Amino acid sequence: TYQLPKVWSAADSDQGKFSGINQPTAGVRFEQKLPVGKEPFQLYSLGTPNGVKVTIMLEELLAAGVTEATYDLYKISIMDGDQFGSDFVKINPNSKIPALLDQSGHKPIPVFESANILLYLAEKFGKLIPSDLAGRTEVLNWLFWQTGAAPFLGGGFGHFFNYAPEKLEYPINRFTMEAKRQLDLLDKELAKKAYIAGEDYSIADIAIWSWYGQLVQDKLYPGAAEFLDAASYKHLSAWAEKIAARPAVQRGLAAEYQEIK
């Protein structure tokens, strides 16, 4: 039996793979100057579900003839703690990738949260979200949905299934049930629509594919697709395959992250 204290103080507690990285405090841990290249967009990121959203988006824009959507891509190693460097924290004080700088204009604009970066780029160039209120709203319903759902998938299911030191039954069941509910939701939606927000591929599809599409394609945690009965979600699976064959998606996944040190 573990005793719950009145006031929590276990700063040194085991956090699995991210022991040392995870802390009860935020902010800068060391001085860091990040490189800045010539392209309008500087992307400080890593090839994770959240990072690939942004390279995919940029490649989709490039593939549609938006010539300004070129970017410099730099590797932020989250296991090394690069996300706690002074320059990175300036861009994203939450110390998570992806983080972006738009230096197309007079002064650079810092953008973080992967879904927000997708929205920012979509509105800047008028691509991959409808310009009519009804269509825009439905994309946003699902884009925000993804932002609020993925934490359970990655931070709940993924953590306990793959990165916690012991396999803990109760958390795994709790978070697996939620992951399945989410998969079932998306499957049932995609049984009625070509893409998540209707007839047209959108930033919501990019956001959702990067987590749920890769998941059911068995590209994420080892054994997870099988554990979750991924193949049983036929409409989600068919949509994930369709999106995986887009050239911009393939280029987004294959993008080269340059060293910062």
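Residue positions are given as counts along the sequence shown, with the first one as 1.
J.: If you average the Cα B factors in the entry, which is higher, 160-168 or 184-192?
T.: If you average the C-alpha B-factors of 184-192 and of 160-168, the larger mean comes out for 160-168.
J.: When the C-alpha temperature factors are averaged for each of 242-250 and 12-20, which stretch ends up with the higher value in the entry?
T.: The deposited B-factors put 12-20 ahead on the C-alpha mean.
J.: Would you mind checking which of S104, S95, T176, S114 has the top Cα temperature factor in the PDB entry?
T.: Out of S104, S95, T176, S114, the record gives the largest C-alpha B-factor to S104.
J.: Which one of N50, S202, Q42, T55 shows the biggest C-alpha B-factor in the PDB entry?
T.: That would be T55, according to the entry.
J.: Divide the modelled residues of the chain into thirds by Cα B-factor and specify which third, lowest, middle or highest, holds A150.
T.: According to the entry, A150 has a C-alpha B-factor in the chain's highest third.
J.: Based on the entry's values, in what third of the chain does the Cα temperature factor of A134 lie: lowest, middle or highest?
T.: Middle third, going by the recorded CA B-factors of the chain.
J.: Quick one: classify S210 as lowest, middle or highest third of the chain based on its Cα B-factor.
T.: Its C-alpha B-factor belongs to the lowest third of this chain's values.
J.: Grab the CA temperature factor for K38 from the record and place it in the lowest, middle or highest third of its chain.
T.: For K38, the deposited C-alpha B-factor lands in the highest third.
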